[PDB]
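In the text below, chain A, chain B and the rest are named by the order of the sequence lines, each starting its count at 1.
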Amino acid sequence: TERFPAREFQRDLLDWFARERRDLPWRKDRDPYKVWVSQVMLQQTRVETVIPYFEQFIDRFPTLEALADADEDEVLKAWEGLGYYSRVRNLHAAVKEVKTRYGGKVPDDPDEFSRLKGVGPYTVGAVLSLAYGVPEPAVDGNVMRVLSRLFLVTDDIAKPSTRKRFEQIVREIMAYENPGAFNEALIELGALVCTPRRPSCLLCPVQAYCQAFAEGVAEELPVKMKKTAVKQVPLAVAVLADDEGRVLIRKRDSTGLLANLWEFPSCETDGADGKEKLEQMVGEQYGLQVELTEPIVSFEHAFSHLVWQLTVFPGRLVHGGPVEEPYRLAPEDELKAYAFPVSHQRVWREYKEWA
DNA sequence: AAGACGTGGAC
DNA sequence: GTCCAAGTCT
Ligand code: SF4
Ligand SMILES: [Ca+2]
Ligand SMILES: [Ca+2]
């Protein structure tokens, strides 16, 4: 970027950003902990989604030390519905590491900060530049799109050769006077003007520096690979109540998909032997007798890498003794306390409507 | 590496 | 209905 007017670019970009900067709860100060929380929440989650989640999370957990001293089940419930739940398990372990090894002080050296769980190349850049003014690039989806258009990068943005190149661009053009504002400005440009479809080049403050605008190839950039079809997984789900009114739920294991979350009992059903497969599964628990009615709904629930096809079977349960872990009976009132994945919150809504 | 890992805003 | 978001794990 020898022929690039970095200083002219920075002036127009930072002048735009001051005018159009959105009022977001994590922009009210530069507390390293609060910045870190917002940036983790923001990973692969849109700003408008994150806003109410951040507001409530910081209410329950106002300080790094409050999050460290808290129980993992309360931490998980405060993320309920946001998706990619290991972010919060990672964040929770990381803040414990900071309380121990670092005296509660978020490290300001990138190598030490990046070593914390949950902190990748994007989050090192975003937290350190905002909270401490470290000139580290914060290259997210927004930035990759903007830079591939400004500088006509035609290579798949998923390659490391391309990532290293975006990083090297940011180090050349960044305003080392205010690296936090520079990083948040490039992102904000990608979010509000230089958008994935139909970018607003005519309202763009840096139109005169953009190579894709000049060549008329903006909407063809960035280069990303089309998504390949994902496996469909049939799943039978039982909503079982008893004479007293309590419902049978169970806690998922701590490894893999939707870990440590609660669900209604379920099982894979290649074919349509779900009424049978469920009865065989519930009865295999100690002193548990069960009889299920016909299904009441079937809906899909999408994950990034697979798609669940849920069928809900109501039923009733008789227990001759204590229900063995991982299972548990819960009155309908106590359900709102447990953390459920979105799929199973909908299972429950469809069962209450049916009744 | 590759693939696992959630959900919904914004068209 | 489709894309992709203020990505990271190891
Ligand atoms: S002129 Fe258009 S393509 Fe170029 S940076 Fe601005 S919005 Fe993006
Ligand atoms: Ca790291
Ligand atoms: Ca498991």
Side-chain angles (χ1 to χ4, degrees), chain A residues 17 21-22 24-27 35-47 49-54 76 79-91 93-94 113-127 129-130 137-147 157-161 163 166 170 180-196 198-200 219 221-225 228-231 233 252 254-261 263 301-308 339-346:
Chain A
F17 179 59
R21 196 194 193 204
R22 292 169 292 179
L24 301 170
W26 48 89
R27 286 181 172 165
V35 167
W36 184 6
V37 173
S38 57
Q39 297 300 141
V40 168
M41 281 192 180
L42 278 169
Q43 301 176 353
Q44 296 285 267
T45 316
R46 282 194 145 271
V47 181
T49 303
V50 158
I51 287 173
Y53 274 96
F54 182 92
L76 184 55
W79 213 260
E80 172 195 54
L82 206 49
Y84 284 168
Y85 297 94
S86 78
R87 282 180 296 169
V88 76
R89 278 183 54 81
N90 291 352
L91 178 60
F113 186 59
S114 198
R115 267 197 265 273
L116 302 165
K117 291 208 84 204
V119 176
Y122 164 72
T123 302
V124 186
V127 176
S129 62
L130 289 186
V139 172
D140 78 333
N142 285 313
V143 173
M144 282 183 277
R145 159 158 25 85
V146 166
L147 292 178
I157 62 161
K159 279 135 84 153
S161 43
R163 304 288 180 109
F166 284 136
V170 170
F182 185 87
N183 284 341
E184 49 185 0
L186 271 185
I187 293 174
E188 206 85 346
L189 181 70
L192 311 180
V193 176
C194 186
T195 61
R198 269 155 283 108
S200 310
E219 290 156 347
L221 300 167
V223 176
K224 300 157 63 56
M225 300 301 88
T228 55
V230 303
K231 302 182 172 301
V233 168
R252 297 181 57 90
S254 75
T255 58
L257 182 76
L258 300 171
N260 298 313
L261 291 166
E263 63 180 1
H301 186 81
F303 310 75
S304 283
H305 58 309
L306 69 79
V307 163
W308 274 359
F340 288 85
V342 164
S343 56
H344 277 253
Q345 299 181 26
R346 194 215 157 124

Nucleotide C:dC3, atom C1' - distance to CE of A:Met144 in whole Å: 15 Å

Any donor-acceptor pair under 3.5 Å joining the side chain of A:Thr49 to the base of B:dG8? no

Provide the distance between the two P atoms, one in B:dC5 and one in C:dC4, to the nearest whole Å. 23 Å

Once you apply a heavy-atom cut-off of 4.0 Å, does A:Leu258 come out as touching a base, just sugar-phosphate, or nothing? sugar-phosphate

Separation of C:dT8 P from A:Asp140 CG (nearest whole Å): 10 Å

Rounded interatomic separation in angstrom, taking NE2 from A:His301 and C1' from B:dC5: 12 Å

Among B:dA10, B:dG6, C:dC9, the nucleotide that comes nearest once only the side chain of A:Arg46 is considered: B:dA10

Please classify the nucleic acid contact of A:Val119 as base, sugar-phosphate, or nothing, using heavy-atom distances under 4.0 Å. sugar-phosphate

Begin from the C-alpha positions of A:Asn90 and A:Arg87 and carry the test side-chain hydrogen bond (donor to acceptor under 3.5 Å, both in side chains) through to its verdict. CA-CA 5 Å; A:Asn90 291 352; A:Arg87 282 180 296 169; over 6 Å; no

Quick one: pull up CG in A:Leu221 and CZ in A:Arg145 and give me the separation to the nearest 0.5 Å. 11.5 Å

Hey, could you give me the OH/CD1 distance between A:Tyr122 and A:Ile187, rounded to the nearest 0.5 Å? 4.0 Å

For the pair made of CD in A:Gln43 and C1' in C:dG7, what is the distance, rounded to whole Å? 5 Å

Interatomic distance, A:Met41 CE vs B:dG6 P [rounded to whole Å]: 16 Å

Counting heavy atoms from C-beta on, name the nucleotide in C:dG7, B:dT7, B:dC11 closest to the side chain of A:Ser304. B:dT7

Closest listed nucleotide, where the reference is the side chain of A:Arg87 and the choices are B:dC5, B:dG6, C:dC4: B:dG6

Is A:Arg145 close enough to C:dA5 that one of its side-chain N or O atoms is under 4.0 Å from OP1 or OP2 there? yes

Please determine if a side-chain N or O atom of A:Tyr85 lies less than 4.0 Å away from the OP1 or OP2 oxygen of B:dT7. yes

Return the nearest nucleotide to the side chain of A:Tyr122; candidates are C:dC9, C:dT8, B:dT7. C:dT8

Calculate the interatomic distance between A:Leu116 atom CG and C:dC9 atom P; express it in whole Å. 10 Å

Between A:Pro160 and A:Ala259, which residue's closest nucleotide on DNA chain B lies nearer the 5′ terminus? A:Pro160

Taking pairing as Watson-Crick or G-U wobble with both contacts under 3.5 Å, can you name the mate of B:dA4, or confirm there isn't one? C:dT8

A:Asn90 near the nucleic acid: base, sugar-phosphate alone, or nothing, with a heavy-atom cut-off under 4.0 Å? sugar-phosphate

Would you classify A:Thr123 as touching base, sugar-phosphate or nothing, given that sugar-phosphate means primed atoms plus P, OP1 and OP2, and contacts are heavy atoms under 4.0 Å? sugar-phosphate

Checking contacts here: which listed nucleotide (B:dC5, C:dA5, B:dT7) is nearest the side-chain heavy atoms of A:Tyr84? B:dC5

Separation between the P atoms of B:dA10 and C:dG7, rounded to whole Å: 15 Å

Kindly say if A:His305 contacts the phosphate of B:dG3, meaning a side-chain N or O under 4.0 Å from OP1 or OP2. no

Taken to the nearest 0.5 Å, the spacing of A:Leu76 CG from A:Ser86 OG works out to 11.0 Å

Take A:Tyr84 and A:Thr45 through the side-chain hydrogen bond (donor to acceptor under 3.5 Å, both in side chains) test and state the conclusion after the steps. CA-CA 9 Å; A:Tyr84 284 168; A:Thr45 316; over 6 Å; no

Integer-rounded Å distance: B:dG8 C1' and A:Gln345 CD: 13 Å

Whole-Å distance between C:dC3 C1' and A:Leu221 CG? 16 Å

Can you say whether a donor on the side chain of A:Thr45 sits under 3.5 Å from an acceptor on the base of B:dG6, or the other way round? yes

Would A:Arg21 and A:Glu188 pass as an ion pair if we require N to O under 4.0 Å? no

So what does A:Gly190 hit on the nucleic acid, given a heavy-atom distance under 4.0 Å: a base, only sugar-phosphate, or nothing? nothing

Over 60° means perpendicular and under 30° means parallel, so classify the ring planes of A:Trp308 and A:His301, tilted if in between. tilted

